[PDB]
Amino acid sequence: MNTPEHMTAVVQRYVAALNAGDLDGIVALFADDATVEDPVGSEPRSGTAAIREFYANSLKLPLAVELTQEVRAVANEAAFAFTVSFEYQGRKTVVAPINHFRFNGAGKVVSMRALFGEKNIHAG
């Protein structure tokens, strides 16, 4: 089993990598055969190449990312509440999802699902 300390560390790294625009740092969190379903209900990207391209695209504009509550971490999974903030053509948006990671025995994320809908997207 993964430790809750390791899984919580991974969540914090993930948030810091997004704030820094650190693409390699984000990708290095995932297993080679991971999948990302973001948002939930959308079609999953799987494998390093699709996931790296997903994140490269998610970084086109500067992001401000905050963890907004403690991480929940048990068995081999973690879930966390956060906000992502960005501005485009002078319009500020704040998206507030809850994401879920499942981790493999080597402590990499094999699965991320990002749960948020239109209700969870707000103005500056």
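Note that residue numbering begins at 1 and tracks the sequence as displayed.
Would you determine, from the values in the PDB entry, which of 73-81 and 44-52 has the greater average C-alpha temperature factor? That would be 44-52.
Of 93-101 and 26-34, the one with larger mean CA B-factor: Mean B over CA atoms: larger for 26-34.
Assigned third (lowest, middle, highest) for the C-alpha B factor of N120: For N120, whose C-alpha B-factor we compare with every modelled residue in the chain, the answer is the lowest third.
According to the PDB entry, is the CA B factor of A16 in the bottom, middle or top third of its chain, that is, lowest, middle or highest? According to the entry, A16 has a C-alpha B-factor in the chain's middle third.
Should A9 be placed in the lowest, middle or highest third of its chain by the C-alpha B factor in the entry? It belongs to the middle third of the chain when residues are ordered by C-alpha B-factor.
Third assignment of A114 from its chain's C-alpha B-factors: It belongs to the lowest third of the chain when residues are ordered by C-alpha B-factor.
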